[PDB]
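Now for the letters of each chain:
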Amino acid sequence: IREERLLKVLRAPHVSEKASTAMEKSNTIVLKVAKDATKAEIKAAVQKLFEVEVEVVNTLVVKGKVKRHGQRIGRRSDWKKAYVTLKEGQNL
Amino acid sequence: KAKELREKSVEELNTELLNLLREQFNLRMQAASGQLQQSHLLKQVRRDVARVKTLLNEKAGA
Amino acid sequence: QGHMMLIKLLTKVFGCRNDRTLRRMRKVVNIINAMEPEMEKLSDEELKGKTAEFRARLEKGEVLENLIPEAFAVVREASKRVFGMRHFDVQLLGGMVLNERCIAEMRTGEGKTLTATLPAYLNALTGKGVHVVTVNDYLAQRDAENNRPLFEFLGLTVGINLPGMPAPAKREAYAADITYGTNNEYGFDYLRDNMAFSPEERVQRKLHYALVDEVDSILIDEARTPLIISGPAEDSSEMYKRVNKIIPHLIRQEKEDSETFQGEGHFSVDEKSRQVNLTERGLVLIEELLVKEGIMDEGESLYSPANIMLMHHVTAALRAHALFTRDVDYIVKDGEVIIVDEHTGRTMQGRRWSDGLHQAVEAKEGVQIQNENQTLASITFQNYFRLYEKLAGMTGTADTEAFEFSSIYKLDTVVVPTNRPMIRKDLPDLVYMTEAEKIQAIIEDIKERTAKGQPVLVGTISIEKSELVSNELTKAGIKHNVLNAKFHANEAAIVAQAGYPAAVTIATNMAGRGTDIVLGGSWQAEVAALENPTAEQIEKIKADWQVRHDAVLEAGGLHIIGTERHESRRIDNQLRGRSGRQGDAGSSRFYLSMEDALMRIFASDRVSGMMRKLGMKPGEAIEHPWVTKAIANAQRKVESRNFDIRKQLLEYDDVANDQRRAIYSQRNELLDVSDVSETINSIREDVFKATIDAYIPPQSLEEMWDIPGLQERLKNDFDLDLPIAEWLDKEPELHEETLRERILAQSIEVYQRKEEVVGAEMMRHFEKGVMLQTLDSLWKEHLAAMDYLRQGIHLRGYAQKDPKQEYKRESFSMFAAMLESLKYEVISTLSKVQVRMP
RNA sequence: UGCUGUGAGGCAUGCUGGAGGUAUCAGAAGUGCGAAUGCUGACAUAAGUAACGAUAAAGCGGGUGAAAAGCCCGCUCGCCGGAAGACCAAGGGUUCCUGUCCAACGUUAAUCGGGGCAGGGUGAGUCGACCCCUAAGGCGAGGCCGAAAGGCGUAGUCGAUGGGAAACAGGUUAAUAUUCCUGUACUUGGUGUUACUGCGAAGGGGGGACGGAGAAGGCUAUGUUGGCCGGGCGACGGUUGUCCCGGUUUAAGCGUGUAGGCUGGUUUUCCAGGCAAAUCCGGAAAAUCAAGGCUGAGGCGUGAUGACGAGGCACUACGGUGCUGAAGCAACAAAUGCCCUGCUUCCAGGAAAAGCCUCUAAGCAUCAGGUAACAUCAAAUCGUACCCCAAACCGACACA
RNA sequence: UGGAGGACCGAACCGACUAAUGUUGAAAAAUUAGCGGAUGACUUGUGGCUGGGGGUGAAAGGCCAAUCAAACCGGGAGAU
RNA sequence: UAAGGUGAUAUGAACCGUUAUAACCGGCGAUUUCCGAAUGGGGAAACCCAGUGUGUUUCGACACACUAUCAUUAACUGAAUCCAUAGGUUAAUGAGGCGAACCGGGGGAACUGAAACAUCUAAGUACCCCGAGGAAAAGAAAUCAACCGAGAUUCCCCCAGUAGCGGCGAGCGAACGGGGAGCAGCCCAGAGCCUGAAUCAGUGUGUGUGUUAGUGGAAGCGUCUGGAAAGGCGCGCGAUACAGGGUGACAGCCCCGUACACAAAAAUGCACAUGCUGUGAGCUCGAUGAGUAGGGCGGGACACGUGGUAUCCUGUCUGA
Ligand SMILES: [Mg+2]
Ligand SMILES: [Mg+2]
Ligand SMILES: [Mg+2]
Ligand SMILES: [Mg+2]
Ligand SMILES: [Mg+2]
Ligand SMILES: [Mg+2]
Ligand SMILES: [Mg+2]
Ligand SMILES: [Mg+2]
Ligand SMILES: [Mg+2]
Ligand SMILES: [Mg+2]
Ligand SMILES: [Mg+2]
Ligand SMILES: [Mg+2]
Ligand SMILES: [Mg+2]
Ligand SMILES: [Mg+2]
Ligand SMILES: [Mg+2]
Ligand SMILES: [Mg+2]
Ligand SMILES: [Mg+2]
Ligand SMILES: [Mg+2]
Ligand SMILES: [Mg+2]
Ligand SMILES: [Mg+2]
Ligand SMILES: [Mg+2]
Ligand SMILES: [Mg+2]
Ligand SMILES: [Mg+2]
Ligand SMILES: [Mg+2]
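Residues numbered from 1 in each chain as written, not as in the entry; some residues may be left out. Chains lettered and ligands numbered in written order. Part of a larger assembly, values for the part shown. Heavy atoms only, no water.

The record names cryo-EM as the way this model was obtained, at a resolution of 3.1 Å.

**Some words on the overall build of chain B**
Formally: Numbering of helices and strands runs from the N terminus, with a helix taken as a DSSP run of H or I at least four residues long and a strand as a DSSP run of E at least two residues long. Burial here depends on accessible area, computed with a 1.4 Å probe over protein chains only, as a share of the maximum for the residue type. Under 20% is buried, over 50% is exposed, and the range in between is partly exposed. Contacts are residue-level and defined by heavy atoms, with any inter-residue pair within 4.5 Å sufficient. All accessible areas in this document rest on Shrake-Rupley with a 1.4 Å probe, and a residue is counted as covered only by the protein chains that are shown.
Regarding its fold elements, chain B presents two helices and zero strands. Taken along its principal axes, the extent of the C-alpha atoms in chain B is 45 × 15 × 15 Å. Here chain B holds 62 residues, and the buried ones make up 29% of them. Residue pairs in contact within chain B that sit at least 24 positions apart in sequence constitute 66% of those at least 6 positions apart. A total of about 4,100 Å² of accessible surface is found on chain B, and carbon and sulfur atoms cover 46% of it.

**Focus on the pairing of strand β5 (residues 72–75) of chain A**
Residue and element names in this part refer to chain A. Inclusion rule: Two strands qualify as a pair provided DSSP detects at least 2 bridges between them.
Across four bridges, the pairing between strand β4 (residues 66–69) and β5 is antiparallel. Within β5, the residue paired with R68 across the bridge is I73. Connecting the antiparallel pair β4 and β5 is a turn made up of two residues, with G70 showing a positive phi of about 60°.

**Brief notes about a positive patch on the surface**
Here is the rule: Patch membership requires over 30% relative accessible area and the absence of a salt bridge. Like charges are linked within 9 Å, and nonpolar side chains (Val, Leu, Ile, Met, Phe, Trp, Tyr) within 5 Å. For salt bridges, the criterion is a side-chain nitrogen of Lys or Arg within 4 Å of an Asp or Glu carboxyl oxygen. In this tally, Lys and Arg are treated as positive and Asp and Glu as negative; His is ignored, and so are the chain termini. The location of each charge is read from NZ of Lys, CZ of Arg, CG of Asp or CD of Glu.
On the surface, a cluster of positive charge is made up of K43, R46, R47 and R51 of chain B. Of note, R51 of chain B is situated in helix α2 (residues 40–60).

**Some remarks on the interface of chain C and chain B**
Keep this limit in mind: Here the quantity called buried area is the accessible surface, traced with a 1.4 Å probe, that two parts lose on coming together, added over both. Any N or O atom pair separated by 3.5 Å or less is treated as a polar contact, with the protein-specific requirement of one donor-capable and one acceptor-capable atom, and with residues adjacent in sequence counted only for side-chain atom pairs.
If you look at the interface, chain C gives five residues, while chain B gives five residues. Of the roughly 320 Å² buried where chain C meets chain B, counting both sides, 60% is carbon and sulfur surface. When the area that chain C buries against chain B is broken down by residue, the three leading residues are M5, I7 and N633 of chain C, summing to 78%. Counting across the interface, chain C meets chain B through zero salt bridges. Where chain C meets chain B, there are zero residue pairs in polar contact.

**Some words on the protein's contact with RNA strand D**
All names here are of chain A. Note the cut-off: Residues are counted as near a molecule or strand when any one of their heavy atoms sits within 4 Å of it.
Every one of the 24 residues lining RNA strand D counts as a neighbour, but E17, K63, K65, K81 and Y83 are closest to it. The separation between a phosphate oxygen of RNA strand D and a polar side-chain atom of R76 is 3.2 Å. Side-chain polar atom of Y83 to a phosphate oxygen of RNA strand D: 2.5 Å apart, as the coordinates give it. If you list the elements that add at least two residues to the surface near RNA strand D, you get α2 (17–26), β3 (54–62), β4 and β6 (79–86).

**Here we look at a nonpolar patch on the surface**
Residues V82, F83, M85 and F153 of chain C make up a contiguous nonpolar surface patch of roughly 330 Å² in combined accessible area. Examined against the element boundaries, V82 of chain C turns out to sit in the loop between α3 (68–81) and α4 (89–99).

**Brief notes about the domain arrangement of chain C**
Interfaces are often described in size by the accessible area the parts lose on coming together. This is how it is decided: An automatic or database domain assignment supplies the residue ranges for each domain.
According to the domain assignment, chain C consists of domain 1 (423–645) and domain 2 (656–831). One C-alpha centre belongs to domain 1 of chain C, the other to domain 2 of chain C, and the line joining them spans 64 Å.

**Structural notes on the UniProt feature "domain: SecA family profile" (unreviewed entry) in chain C**
What counts, and what does not: UniProt positions are given in the numbering used here, feature names are shortened, and annotations may be inferred rather than shown by experiment.
Those residues carrying the UniProt feature "domain: SecA family profile" (unreviewed entry) are residues 7–623 of chain C in this numbering. Counting secondary structure, residues 7–623 of chain C comes out at 37% helix and 12% strand; the distance between its end C-alpha atoms is 30 Å.

**Quick look at the packing of helix α10 (residues 308–321) of chain C against helix α11 (residues 357–364) of chain C**
Residues and elements named next belong to chain C. Heads up, the rule is: Working convention: axes come from line fits to C-alpha atoms, limited for helices to the stretch in contact. Angles between N-to-C directions cover 0 to 180 degrees. An angle below 35 degrees is read as roughly parallel, one above 145 as roughly antiparallel, one from 65 to 115 as roughly perpendicular, and any other as oblique. Each helix crossing is assigned a hand: it is left-handed if the near helix lies turned anticlockwise from the far helix by less than a right angle, otherwise right-handed if that turn is clockwise.
Put simply, α10 and α11 touch, their axes get as near as 8 Å, and they point 70° apart. With respect to each other, α10 and α11 are oriented roughly perpendicular. In the crossing of α10 with α11, the sense of the turn from one axis to the other is right-handed. The residues of α11 that touch α10, namely those facing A316, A317, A320 and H321, are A360, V361 and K364.

**Regarding the sheet that holds strand β7 (residues 336–340) of chain C**
Residue and element names in this part refer to chain C. Pairing within the open sheet is antiparallel, and its three strands lie in the order β6-β7-β8. A strand with exactly one partner marks an edge of an open sheet, and here the two such strands are β6 (330–333) and β8 (347–348). Pairing between β6 and β7: four bridges, direction antiparallel. Across the sheet, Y330 pairs through a bridge with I339, a residue of β7.

**Digging into the protein's contact with RNA strand F**
Here is the rule we go by: Classification used: nonpolar for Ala, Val, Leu, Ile, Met, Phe, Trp, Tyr, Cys and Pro, charged for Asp, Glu, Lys and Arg, polar for all others including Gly.
Around RNA strand F, a shell composed of 15 residues is seen, among which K1, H40 and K43 of chain B together with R606 and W626 of chain C lie nearest. Sugar and phosphate atoms constitute 88% of the interface atoms of RNA strand F, taking the interface as everything within 4 Å of the protein. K1 of chain B is positioned with one of its backbone polar atoms (N or O) 2.9 Å from a base oxygen of RNA strand F. The separation between a sugar or linking oxygen of RNA strand F and a polar side-chain atom of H40 of chain B is 2.6 Å. Listing elements by their share of the surface near RNA strand F, those giving two or more residues are α2 of chain B together with α20 (605–610) of chain C. The leading source of residues in the surface near RNA strand F is α2 of chain B, at four residues. A breakdown of the residues in the surface near RNA strand F according to their chemical character gives four nonpolar, six polar and five charged.

**A word on the sheet that holds strand β4 (residues 178–182) of chain C**
Strand pairing in a sheet takes place through backbone hydrogen bonds and is either antiparallel or parallel in direction. All names here are of chain C. Read from one edge of the open sheet, seven strands run β3-β4-β2-β5-β9-β1-β10, paired in parallel fashion. What marks the edges here is a single partner per strand, and that holds for β3 (158–160) and β10 (412–414). On average, each strand axis in the sheet is inclined to that of its neighbour by 20°, with strand direction left out of account. As paired elements, strand β2 (residues 131–134) and strand β5 (residues 209–211) share two bridges and run parallel to each other. Note that in β5 the partner of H131 across the bridge is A210.

**Some remarks on the interface of chain B and chain A**
If you look at the interface, chain B gives eight residues, while chain A gives eleven residues. Interface area, chain B with chain A, both sides summed: about 920 Å², of which 68% is carbon and sulfur. Of all residues in chain B, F25, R28 and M29 of chain B give up the largest surface area on contact with chain A, accounting jointly for 56% of the area buried on that side. A salt bridge links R22 of chain B to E3 of chain A; the nearest nitrogen and oxygen atoms lie 4.0 Å apart. Remark: the boundary between chain B and chain A carries two residue pairs in polar contact. Considered class by class, the residues forming the side of chain B that touches chain A number six nonpolar, no polar and two charged.

**Here's the deal with the packing of aromatic side chains**
Here is the rule we go by: Geometry of aromatic contacts follows a simple scheme: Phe, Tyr and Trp rings, the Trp one being its six-membered ring, pair when their centres are within 6.5 Å, and the pair is stacked under 30 degrees between planes, edge-to-face over 60, tilted otherwise. Whether a charge lies above a ring is judged from NZ of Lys or CZ of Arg, which has to be within 6 Å of the ring centre and within 35 degrees of the ring normal.
Counted by the stated rule, this structure contains ten aromatic pairs over all chains. Geometrically, the ring pair formed by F324 of chain C and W353 of chain C is stacked, given 6.4 Å between the ring centres and 15° between the ring planes. With a gap of 29 residues between them, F324 of chain C in the loop between α10 and β6 and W353 of chain C in the loop between β8 and α11 connect regions that are remote in the sequence. Judged by centre distance (4.5 Å) and plane angle (20°), the rings of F688 of chain C and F718 of chain C are stacked. With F688 of chain C in helix α22 (residues 676–693) and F718 of chain C in helix α23 (residues 707–718), this pair connects stretches of sequence that are 30 residues apart. For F688 of chain C, a relative accessible area of 2% puts it in the buried group. In this structure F718 of chain C comes out as buried when scored by relative accessible area, which is 0%. By the ring-pair criterion, three or more aromatic residues cluster together here, those being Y190, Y384, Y388 and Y664 of chain C. Above the plane of the ring of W79 of chain A lies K32 of chain A, whose end atom (NZ or CZ) is 4.7 Å from the centre. Over the ring of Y798 of chain C we find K801 of chain C, and its NZ or CZ is 4.5 Å from the ring centre.

**Quick look at the environment of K112 of chain C**
All names here are of chain C. Note that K112 resides in helix α5 (residues 112–124). With 578 residues separating them along the chain, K112 and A690 place their C-alpha atoms 59 Å apart. Contact partners of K112, with chain neighbours within four places excluded, come to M106, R107, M394 and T395.

**Observations regarding helix α18 (residues 537–555) of chain C**
Rules: Here the expected length of a helix is defined as 1.5 Å per residue gap, with one fewer gap than residues.
Between its first and last C-alpha, α18 of chain C extends 27 Å over 19 residues, near the 27 Å set by a 1.5 Å rise per residue. Those residues of α18 of chain C that are buried lie in contact with α17 (523–528) of chain C.

**Brief notes about the packing of α22 of chain C against α23 of chain C**
Residue and element names in this part refer to chain C. Relative to each other, α22 and α23 sit at 140°, their axes nearing to 11 Å. Considering their axes alone, α22 and α23 lie oblique with respect to each other. α23 is crossed by α22, and the crossing has right-handed handedness. Residues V687, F688, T691 and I692 of α22 touch α23, and the partners they reach there are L710, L714 and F718. Split into classes, the residues belonging to the contact of α22 with α23 amount to six nonpolar, one polar and no charged.

Shown next as structure tokens:
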């Protein structure tokens, strides 16, 4: 896998109460990733850019909402959430 | 820049491109967590990458 | 908007976590001190008996934490009844913090040592000792003798550790329940206990609890610092003459003599590239340090994991031969080495480049050489604190960051309050364009504050900055006293009287948090100044001190001037927090100039020229808050930079001390166990399996064997003259392994004959002594190779690979080879012992 | 408002307005409106009139609130229960859940909402799509035909509504779960090692592979009762008993092969029908034994010393968490569901192709490739919230 | 014994014979109370095909997007 | 070119720049996701699924390129079948789709008018399809004229609503000739003498003239009313500039421009002039477009409706 592809995948950390709870239960980091990222690219990117080990990645596609800004109708962009399961022997 | 980068070899430009992509990823994670005050730097880093790639193209083709 | 992101997450989550912990602590506080109007029966028969009662309750299995609302009171009223100090609620909080692995944040004057009496009392009831560290013997002995009535009235012994104390008296120090002393005395007592030749010669106990008491210095800055590693008289070093003698056979164009040669390298003009880089990346000239007259010649190359100790010697000779030239870089006159400084024209006769460099300088010419010194005993301080079962520490208002604290080693940061409403007026910071306008504004401020009633501290970084500000201050005209870091008693004598009205103190490099600034004078040292105080003089001195102190708080308290800002914010808050202790009035103001050292981290002449385009404006304007934002951002940047350069060497300390704990665990495992004849027997059987495996292949045919090499190696390093080839060729009834058990049984009968003629327990003491000799010698060779590979990781991992898990693999292979050589040579020198035969 | 001309009109001026208008004499018209069931916009009338959308029905106390018949909590009352309950497909696309607001929307008020704003939420090797394969049918290289555009169609290639590999139980979120966690599995490929070896198709054969109706045998889901376990002796006569209430649950998978259904089996020799070849199928002739094979619900064992389990004890920012947790069986009844794509029976005589098994041709034969075991790796992408006899789909509406 | 039938009775389902209401309706064809078929020439889901001087029609000039004795949209067209 | 900027609703924050790598404008380049002729196969457009060849790296995979169809040409192969052909494979070049009107061709209405309606008219109009260029078509007499002559085609005005055609109804409607815009002639059907001699096309260079940024560009003050002067009043000045727009009411002299005078590193339009390449001129002797002209049958176009109907085109049979 080409490394400069891995440098473009992981867009943003995603924090919420569900991500808090998922970190407490099954120590999963929740990432905003690129729209076209597959699970192998995300696993290799977290294993390289964060120097940790990943067990498994579960990716879902969030569809953007439709908003009314000043009686003009727009639609927010879709994005991809990724639940990344850090390994049990890795402790933080 | 674009003149001090034009005086560099192909592997030097590739190493500089890798370093610029690493700083771009680090600044993107910094701004994504709400932590970046100097929000201009992302823009500069973006244009910097473009300069390197443009020079790479004019070192690759001609 | 949206996206309630990670920063507000950090603040909200940790704020609610500290508030919930403080709510439960407030409930515990409201439980313990619900009502205390009067107290009797000091500690004679009942509250000293609580010590034996708590030891009996832990003998039945009750948790020591369940005693926290009880046992604290057993301390508390004692400080009311011995010393007359009522423990405030914040002192209970800090003691409960120091009971766990957490950090206690509270201001000085709120009973620092009075808080520290609590967890020493709690951790001391285990019977293992309490190790509290001051920076000196002075405060340690002072608070040890202060708490000697407190611990003696409750049945606990106070041991003091001093440099120069006898080893049985050091045993009585550490075997006491509360042991006082400094950090280096503790660490080097540990290193001398690891240089003990029996477990009886140790002076320390098992490490129970370490109260740090100053976490700003030792946990961050003094984490790595070794002061005792090896002390040589050097006695001879002429073997490096026979190592550096191999060099003038070869020429400085190719074949291991090169100025790194880089394929082509450089031009033919003065090729001594003092930007050394020590590479020789051709990888064809590397062959000439191999065979022909013999060292590193059995078949191992120069990139082997087992030959680095010579590699940081021969390459040191190479960077002393062609690089550091005679009569300009250095001189040797009458056998004396002097570095001739090239840039400022000096002759450094009392300096020498370490890490074998001046040793190789002496090995090039005909100079007397100091010994190739071998590391014996070293440990880093943060990991020695990690070695304790319970670890906690307390600091002032200069607390570090909470995530940084928890990532040192498991230290939770809970903001303990002051129990007094804080009115320390932190003024907005003041920057000037030059030093002169800044210090003149400081001169007008110090004159107008010495006008009414105000004590002022002016803090600098150095003695010369203190000299410049005091020269400008006597151009204004005051009296001052500079705080020397060298002089502890003079520090206390200055700062104890610094809180007088119209008394100004100058500071040089604040270590941490100061001794207690008593504002409006100090009436306790005033009645100590009376040669025979009656009860009539103390009340008058207390009343005049009361008038001075209310005049001080009417004046605005203590003032702080910071002449510059440091590269860390902790020392800045250390300078700032002197004003307004225990809820008193106080003020603090920092000054800065554009020719300070904190403009040295900018390195951007564009923005440094854009600040000139503002204008002068010396005073009333609205000039720019953006430059102040730039200063704050750059200060946070260099604080994080200090964090990174700390963290890299912290990983280095982690890997070095992990190999240290490996050898110390196997050291105590091979030392502490009884009946070591069985241990020697088991290791001897594994030794003979391994040494026959190195020469005879397992499950090989009759021609694959190596008989004369095994015979000569047995004769050299076993004292066994075995007829191996005769024992092969005389009997064809022999088969496979069989020879392994034959040489093993011959070695066993040699050893049993020698132990019957030498005695049983004499052979046991000889076993333990020779085990210590061979183990310490090959372990200090392991330390030499480990230090040389931590200094010589510049040529191993370059292309797509990473050292430190390439350093760690080679050091683990060196560790395994050193342990097998340890076992082989222990069994050798136990089979080599010539005892007088009948 | 005043004056004046026969009239279309004209002149002057008060007030508003705050930047353009135009004498005279000529010139050109998009040059004059009350009508056309004229066109657009605005506003009356009927008139504060009909109506407020199933006659399933409400009453009280407390809460918040500026305000409570409608919102929240509680106690009653009434309605549906082959539905007005639950899960989906189609269709819709954020209506889901939380905070907040009550201008507009809601046939009334609203603190409420499927409304405004912000935030969060949809996690799959096994579910579905994708993918392999075809039906009706569509396009259709060439080809044939047609003034041109185009029309039909061969090889082919698409096309589900059909055929093809595999996961269940328990727990959890405010919002997802066969997707997350715990436990126990299973499937298909790749690579490597080992052992054995005749492998190979765009061909041949089998199989997939199929109708209606009826019957009654074995069962199961499920229900009832008893036993057992836990709790109760009861506002008003009686209620320590043949009394009252609640619980009495456990899967996939692995093993065993049962009720049942189908069929004789094995070996040798021969024939060229299966476009060529075949050891496979089809056919023929011997010998031998008569019991061999395929299929198959359910039960049983295991999964499971587990989970679940009424309840109890500790906390509990009252919303929950930690630990514990008794019995956890038997009989009877019983499906439209399973054996069953079976059996009988009729005439109207009841899809295709691929996956799968086998046979060889060309070809390669110590290779390759196949078979069996073990180890390792992979199973990508998309959908997953929510409504689905409905206030969210189709009917202009929160629509009998 | 057997279980045949464009067999019988009757729910789902399909339909629409009578009456009342509704007629600016709850509904641009329905509701209520009854009514006919309900193993067949049945009904229904998904997809496909047939195009207007045409289709399709167990045949009423019925249906072909709330339009049909020649659909709908645009044009000749400002037909006359 | 520049002291200001980072497009707008639209502020804010973070920054950059000020004498020339801020920004802006123009020329030439770079990148240019996916769908779309869509072109690797498919498809419910913006999606699914590949094959082949390279070249990596731990061996988990990755990155890039090509792969549609048709036409022509070449090469290699190659049936029934002997040669051969058909076919197949590969390579090279071209094409494909979009576009408002104009243009040429292949088809071609009906309402309507005739006061009904069928010949006719509407009308070769609308519309459909094909094809191309900046224009297309046409075009150098087998033409007109009238015994005198003109000398290719196209377009404008008269001829002229004339001669005619016509259920001689409604309607349709020339030509000869004249005045004008513009003007240009050649090649093959074939040999020799002479050659590359005229002409044309590509190509490069130079010059000229533009285009795509740009530069300079005149001349006014006082007072009154007024929120504000550009207005009233007073006295001046420019004009090859009193075209226009803005500035707190109506400005020649406040601003941008305006008349005028200049300007291109690079690309490029058009002219020449020059060089190269392809191409051949002139002279002599020839030769002079056959299923064609014309005819019979049936239609159509000529203003001309078969009429006494010339002429042109041909579906069919013929035929100098
Ligand atoms: Mg998973
Ligand atoms: Mg009009
Ligand atoms: Mg009107
Ligand atoms: Mg009313
Ligand atoms: Mg009424
Ligand atoms: Mg009414
Ligand atoms: Mg209602
Ligand atoms: Mg109420
Ligand atoms: Mg009921
Ligand atoms: Mg919405
Ligand atoms: Mg809701
Ligand atoms: Mg809400
Ligand atoms: Mg809502
Ligand atoms: Mg298909
Ligand atoms: Mg399907
Ligand atoms: Mg049952
Ligand atoms: Mg009673
Ligand atoms: Mg019961
Ligand atoms: Mg056979
Ligand atoms: Mg309603
Ligand atoms: Mg009915
Ligand atoms: Mg008609
Ligand atoms: Mg295609
Ligand atoms: Mg003819």
